[PDB]
Student: 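Just dropping this structure here.
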Amino acid sequence: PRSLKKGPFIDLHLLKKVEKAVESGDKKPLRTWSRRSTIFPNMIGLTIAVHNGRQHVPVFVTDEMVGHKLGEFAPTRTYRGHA
Amino acid sequence: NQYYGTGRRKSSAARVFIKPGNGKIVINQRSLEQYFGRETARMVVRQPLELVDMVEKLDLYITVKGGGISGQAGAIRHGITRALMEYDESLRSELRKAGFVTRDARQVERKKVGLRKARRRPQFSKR
Amino acid sequence: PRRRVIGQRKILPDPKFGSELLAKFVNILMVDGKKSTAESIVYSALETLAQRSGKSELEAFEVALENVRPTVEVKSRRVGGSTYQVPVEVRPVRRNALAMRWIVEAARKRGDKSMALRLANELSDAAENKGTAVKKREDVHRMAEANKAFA
Amino acid sequence: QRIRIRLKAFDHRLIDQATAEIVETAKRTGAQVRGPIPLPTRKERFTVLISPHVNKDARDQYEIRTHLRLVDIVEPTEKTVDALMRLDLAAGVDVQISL
Amino acid sequence: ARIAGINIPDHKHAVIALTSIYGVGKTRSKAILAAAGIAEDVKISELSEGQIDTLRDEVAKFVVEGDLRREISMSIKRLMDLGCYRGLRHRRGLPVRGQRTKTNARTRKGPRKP
Amino acid sequence: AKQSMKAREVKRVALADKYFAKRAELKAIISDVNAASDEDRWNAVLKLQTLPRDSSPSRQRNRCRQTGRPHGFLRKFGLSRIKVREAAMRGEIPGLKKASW
RNA sequence: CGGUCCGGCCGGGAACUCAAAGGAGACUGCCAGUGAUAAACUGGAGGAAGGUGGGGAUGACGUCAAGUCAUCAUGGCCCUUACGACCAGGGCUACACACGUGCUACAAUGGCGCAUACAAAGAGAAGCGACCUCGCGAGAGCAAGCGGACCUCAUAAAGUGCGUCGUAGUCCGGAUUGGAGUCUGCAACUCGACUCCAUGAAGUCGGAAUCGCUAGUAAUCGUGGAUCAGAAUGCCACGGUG
Ligand SMILES: [K+]
Ligand SMILES: [K+]
Ligand SMILES: [K+]
Ligand SMILES: [K+]
Ligand SMILES: [Mg+2]
Ligand SMILES: [Mg+2]
Ligand SMILES: [Mg+2]
Ligand SMILES: [Mg+2]
Ligand SMILES: [Mg+2]
Ligand SMILES: [Mg+2]
Ligand SMILES: [Mg+2]
Ligand SMILES: [Mg+2]
Ligand SMILES: [Mg+2]
Ligand SMILES: [Mg+2]
């Protein structure tokens, strides 16, 4: 995990949108490609449409999700049995 | 004055000085029995003086470097045999018979490309 | 080899008892080049066998080895359309090699609490004309005499 | 004070004649010199696969040997250090100097 | 004997015997014995009651047995409730920490089946 | 290698010198800092993400100079295992020759 | 040899090891026997080495329409608002399974703990990083030295001595999984390495079958390097026991 010296990581271009989304009240799902960004507490109760490689997947930020990376909630590979 | 021999074995080299005296042996300022813990080394370092039967009439100061236990033990035996042939050349015909004069040339064989070792080839399969 | 014949490599006698035969025995019990481990095991086994037997170490070892050295072995001999087992008078150096190999491999597979003690037990049994090394010698002789018709 | 010269080259004969020139000119100039010492020959080994494709076991192995020589001018009088500054050598020699 | 860890150690050196307590490895075992003031070589047999009592008292400072078990389970439960990638790997019985799955992973997948 | 790959690589190599070679202070002095306030460290962390991503030296591929091949590069010569041998046997490398021992 | 603080550390020596330029030595040269007054074979002397002394490089004419148009070059063909070019995210890391090459084991010729011996060969400036302080540890702070026979990487491990375990799925084995961290990097979710705590699978020498090796070899034990911000159980080298 990221070195505790540095503190958790978020992308600026996502944070700028989380800000105005909190001001607006998550009026619409916030599309993002920052799968690597960490879920900060200010994000709780927002819906972020995280890219998965071909689609944006709605994640509803439950309070239990804090401190995980967004991408952990958007699986990238499809499997459904061999036969 | 000192009588001298250089000897070597594998990567180990030894300088041996021998002089008349009451049988003392010293290696790197340590006793023979302190420097070597293995009985084979303790035997091979004596072998030449045992066969010459002078173990109680000569003393020797040794330094040895490089290689492991047996390399240094053989290097010391070789240096001892050279030095004592310098002390008494008439013993050479005996030491030749003892086989000590031969500088053992069995160096380690270098690794070769495509082989795991000197000669160990990778496992082969027909298919 | 088909071109060459090889002169034997120089062995060094055992440092404590002066025996090249005991040196060969050590060299057979040795594993992974851990010579000094094998030496320690052999010396412990020989001293305990000595105190059991009331014999010198080399004497007890020799009288044990006498009981297991084979006199004949079976060799596959080809014929223009068949193969037969035929008994052959094994030569003394191979006799010693076989006896030492059989002793060692018999001891190795014993259950006793240490290799030195396994070895001491197996040498006692061999000197007592009993046990796995002896039954190995025995069945070799049985097979030889069962094939004697082709000799 | 002394001055100390290290020569490096890829040819022991070139480095040889360079040291010979140094020593001869210096002693002709009245220098006291402590003679050329051969330092250990640092050598680089490389291994390359020589096929354009596959054939991992087909390889060539190459080496570069760097020869070194050390020489000390133990009484560098003005004319000797001047002359030693004036010398030129073949490009195969690197000369590095210290005081 | 028996300890605040509900199990029953016996007939063994204390430094090993304590490791029967679910949650106590070798270094915890040593820390327990150091703080209890007991020589690691001493068997549980011929151990004083004024020593087993303090062994209990010292082990009581660590989360062990059911306390640990449920905690571990709870954490795993949480992941499966989150539905995070790790939660999927857990519920689906596959390797969680990025091991190969072309082959191997046979401890996790369990015995092969055609 | 595809000519675009060469242009792309040289673009990255040039761009890296315009920033991180100078503004490395932003990470090494501040984002790594322990002796200084966490608010400044946070601001520096956020600022570093604003530099053009291709300016990171960690993104340079280090291709062979004569053909742009990525694999089999040798850092002593700047050449791939192929071109290095071609030059070697033609004697263009000033001290290299076949080894034996 | 003088001095010493016991440290080649000091004056000192150029002896010895070593560094590395040059030269010598091995030739069936010498001596019996065999052989076709042959070429050469057997044994012996001397020598460090004896019969290609050991190892490497060195690969004839050609076979397989063998491998590579994706290192590169090139005939022909095809695209030229796309089969060309830029960007973010994802994939090459999937997982019912089957095969190849390896690593670690199944233990007492051993595991654990304490002490203490003996290597070679390499790398270092967008580098190797000492001492000292902090941390259980990975590491952090400060900062000497080194473009190096000088400084750093860097206390080799097997081993030797002593104790303990007692044939147990164990004080064997360490996969899997939870928790807490370090470091590199814009960034370790998919998808890094490593450290600490906990957990402690299968496995008790492996069916038909099959592979390597002739001596400093096999087996076994450590060390280094290239690629490289980070990221070897692979590859290329080294020495110890043998
Ligand atoms: K436990
Ligand atoms: K073409
Ligand atoms: K492997
Ligand atoms: K690396
Ligand atoms: Mg193959
Ligand atoms: Mg890179
Ligand atoms: Mg030839
Ligand atoms: Mg074809
Ligand atoms: Mg193609
Ligand atoms: Mg991309
Ligand atoms: Mg792949
Ligand atoms: Mg068992
Ligand atoms: Mg052969
Ligand atoms: Mg080796």
Side-chain angles (χ1 to χ4, degrees), chain A residues 1-4 9 33 35-36 51-54 68-72 75-77 79 81-83, chain B residues 4 6 10-11 13 15 35 37-38 65-72 101-103 105-113 118-125, chain C residues 1 6 9 29-38 41 111 113-115, chain D residues 12 16 37-41 45 47 51-55, chain E residues 16 22-23 25 27-28 41 68 71-72 75-76 84-85 95-98 100-102 107-108 112-114, chain F residues 4 48-49 51 53 56-58 64 67 69 72-75 80 82-83 98 100-101:
Chain A
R2 195 169 204 236
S3 310
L4 191 58
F9 179 94
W33 295 264
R35 307 183 73 270
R36 68 191 191 167
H51 197 245
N52 76 352
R54 59 169 170 184
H68 284 45
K69 307 308 196 67
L70 286 175
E72 302 191 67
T76 54
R77 293 183 294 248
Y79 176 87
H82 287 92
Chain B
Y4 181 71
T6 291
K10 293 193 176 189
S11 69
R15 83 180 63 207
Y35 193 83
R38 195 182 296 201
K65 301 189 187 184
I69 302 305
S70 303
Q72 292 184 8
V101 186
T102 302
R103 198 294 203 188
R106 299 204 312 289
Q107 307 301 122
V108 179
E109 186 174 316
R110 48 73 56 92
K111 185 188 146 73
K112 318 193 192 91
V113 55
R119 303 192 185 178
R120 179 53 156 106
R121 200 177 307 279
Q123 184 168 279
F124 165 74
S125 186
Chain C
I6 283 79
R9 60 181 71 264
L29 190 139
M30 178 173 68
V31 177
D32 297 338
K34 298 198 183 195
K35 184 71 71 78
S36 59
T37 292
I41 287 165
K113 280 282 172 63
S114 68
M115 185 63 185
Chain D
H12 68 277
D16 174 26
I37 296 114
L39 290 173
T41 314
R45 298 193 178 291
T47 298
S51 186
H53 192 51
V54 299
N55 299 149
Chain E
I16 302 98
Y22 180 94
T27 63
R28 276 185 177 183
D41 186 73
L68 180 59
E71 184 173 41
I72 295 164
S75 73
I76 291 166
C84 69
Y85 178 82
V96 180
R97 299 182 173 203
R100 179 177 296 265
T101 70
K102 277 277 286 181
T107 289
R108 192 65 176 149
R112 62 187 73 242
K113 58 194 169 290
Chain F
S4 51
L48 178 67
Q49 297 163 68
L51 300 184
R53 199 181 287 196
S56 172
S58 306
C64 167
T67 65
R69 184 177 171 125
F73 180 89
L74 294 179
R75 197 176 286 217
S80 68
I82 297 171
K83 305 302 294 179
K98 281 172 63 69
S100 306
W101 71 104

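Reminder, nothing fancy here: chain letters follow the sequence lines and each chain counts from 1.
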Student: Between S11(B) and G67(B) (side chain of the first, backbone of the second, donor and acceptor by atom type, cut-off under 3.5 Å), is there such a pair?
Tutor: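 Yes, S11(B) side chain to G67(B) backbone: donor-acceptor pair under 3.5 Å.
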Student: For a quick check of understanding: with a heavy-atom distance under 4.0 Å over all strands, which category does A118(B) fall into, base, sugar-phosphate or nothing?
Tutor: sugar-phosphate
Student: If we call it a pair only when both distances are under 3.5 Å in a Watson-Crick or G-U wobble match, what pairs with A237(G)?
Tutor: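 Partner of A237(G): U223(G).
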Student: Mind checking what makes salt bridge (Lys or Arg N to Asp or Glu O under 4.0 Å) contact with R110(B), not counting sequence neighbours?
Tutor: none
Student: Write down the partner of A143(G) under the Watson-Crick or G-U wobble criteria, each distance required to be under 3.5 Å.
Tutor: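 In the structure as shown, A143(G) has no Watson-Crick or wobble partner.
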Student: Can you see a Watson-Crick or G-U wobble pair between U42(G) and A32(G), using both distances under 3.5 Å as the test?
Tutor: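 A32(G) matches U42(G) under the WC/wobble rule.
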Student: By sign alone, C1'-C2'-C3'-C4' of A98(G) puts its sugar north or south?
Tutor: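 By the sign criterion, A98(G) is north.
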Student: Scan every strand shown for a Watson-Crick or G-U wobble partner of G200(G), both distances under 3.5 Å, and answer none if you come up empty.
Tutor: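 No nucleotide pairs with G200(G).
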Student: Would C72(G) be called syn or anti here, given the cut-off of 90° from 0?
Tutor: anti
Student: Is there a Watson-Crick or G-U wobble pair linking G127(G) and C146(G), both distances under 3.5 Å?
Tutor: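 When the criterion is applied, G127(G) and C146(G) count as a base pair.
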Student: Can you list everything that forms a side chain to side chain contact (heavy atoms under 4.5 Å, CB included) with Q49(F)? Sequence neighbours excluded, please.
Tutor: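 With sequence neighbours excluded, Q49(F) shows a side chain to side chain contact (heavy atoms under 4.5 Å, CB included) to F9(A), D11(A), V45(F), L46(F), given in chain and number order.
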Student: Indicate syn or anti for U37(G), taking the glycosidic torsion and treating anything within 90° of 0 as syn.
Tutor: syn
Student: Which one is paired to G110(G), where only Watson-Crick or G-U wobble pairs with both distances under 3.5 angstrom count?
Tutor: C165(G)
Student: When you look at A140(G) and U133(G) together, do they satisfy the Watson-Crick or wobble criterion (both atom distances under 3.5 Å)?
Tutor: yes
Student: Hey, do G33(G) and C41(G) pair up, Watson-Crick or G-U wobble, with both distances short of 3.5 Å?
Tutor: yes
Student: Could I get the full list of side chain to side chain contact (heavy atoms under 4.5 Å, CB included) partners for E109(B), not counting sequence neighbours?
Tutor: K112(B), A118(B), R119(B)
Student: Please work out whether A66(G) sits syn or anti, treating a glycosidic angle within 90° of 0 as syn.
Tutor: anti
Student: Between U182(G) and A193(G), is there a Watson-Crick or G-U wobble pair with both distances below 3.5 Å?
Tutor: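 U182(G)/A193(G): base pair present.
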Student: With a 3.5 Å limit on both atom pairs, tell me what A82(G) is paired to, counting Watson-Crick and G-U wobble, or say none.
Tutor: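 Its partner: none found.
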Student: Check whether any side-chain N or O of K69(A) sits under 3.5 Å from a backbone N or O of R36(A) as a donor-acceptor pair, and report yes or no.
Tutor: yes
Student: Tell me, please, if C106(G) and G206(G) meet the Watson-Crick or G-U wobble pairing rule with both distances under 3.5 Å?
Tutor: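 Yes, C106(G) pairs with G206(G), since both Watson-Crick or G-U wobble distances fall under 3.5 Å.
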Student: Taking any atom closer than 4.0 angstrom to a non-hydrogen atom of chain F, what span of RNA chain G does the protein reach, first nucleotide to last?
Tutor: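 So the outermost contacting nucleotides come out as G55(G) to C238(G).
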Student: For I82(F), report the nucleic acid contact type (base, sugar-phosphate, nothing); a contact means any heavy atom under 4.0 Å.
Tutor: base
Student: For RNA chain G, whose closest nucleotide is more 5', that of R36(A) or that of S3(A)?
Tutor: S3(A)
Student: Determine the interatomic distance between P on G178(G) and the same-named atom on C134(G); round to the nearest Å.
Tutor: 36 Å
Student: Could you list the residues that satisfy side chain to side chain contact (heavy atoms under 4.5 Å, CB included) with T41(D), not counting sequence neighbours?
Tutor: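 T41(D): side chain to side chain contact (heavy atoms under 4.5 Å, CB included) contacts with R65(D), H67(D).
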Student: Using a 90° cut-off around 0 for syn, call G89(G) syn or anti.
Tutor: anti
Student: Under a 3.5 Å limit on both distances, do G203(G) and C172(G) form a Watson-Crick or G-U wobble pair?
Tutor: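 Indeed, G203(G) forms a Watson-Crick or wobble pair with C172(G), both distances being under 3.5 Å.
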Student: Between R35(A) (side chain) and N52(A) (backbone), is there a donor-acceptor pair under 3.5 Å?
Tutor: no
Student: If pairing requires Watson-Crick or G-U wobble contacts with both distances under 3.5 Å, which nucleotide is the partner of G54(G)?
Tutor: none
Student: I want to verify the glycosidic state of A168(G); is it syn or anti under the 90° rule?
Tutor: syn
Student: Start with the C-alpha gap between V96(E) and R108(E), add the side-chain angles, then the distance that decides, and say whether side-chain contact (heavy atoms from CB on, under 4.5 Å) holds.
Tutor: CA-CA 9 Å; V96(E) 180; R108(E) 192 65 176 149; 4.1 Å; yes
Student: At under 4.0 Å between heavy atoms, what does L29(C) touch on the DNA or RNA strands: base, sugar-phosphate, or nothing?
Tutor: base
Student: Any strand counts, and the cut-off is 3.5 Å on both contacts for Watson-Crick or G-U wobble. Which nucleotide pairs with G62(G)?
Tutor: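 The base-pairing partner of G62(G), which may sit in any strand shown, does not exist here.
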Student: In the structure shown, which nucleotide is the Watson-Crick or G-U wobble counterpart of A157(G), with both distances under 3.5 Å?
Tutor: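 No nucleotide pairs with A157(G).
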Student: Have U170(G) and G51(G) got a Watson-Crick or G-U wobble pairing, both distances under 3.5 Å?
Tutor: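 No pair, by the stated definition.
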Student: Taking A26(G) as the reference, what is the distance to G47(G) when you measure between their P atoms (whole Å, please)?
Tutor: 15 Å
Student: What pairs with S75(E) under side chain to side chain contact (heavy atoms under 4.5 Å, CB included), at least two apart in sequence or on another chain?
Tutor: none
Student: Which is more 5' along RNA chain G, the nucleotide nearest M30(C) or the one nearest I76(E)? Just name the residue.
Tutor: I76(E)
Student: Taking the purine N1 to pyrimidine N3 distance and the second Watson-Crick contact, or the two G-U wobble contacts, each under 3.5 Å, tell whether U195(G) pairs with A180(G).
Tutor: yes
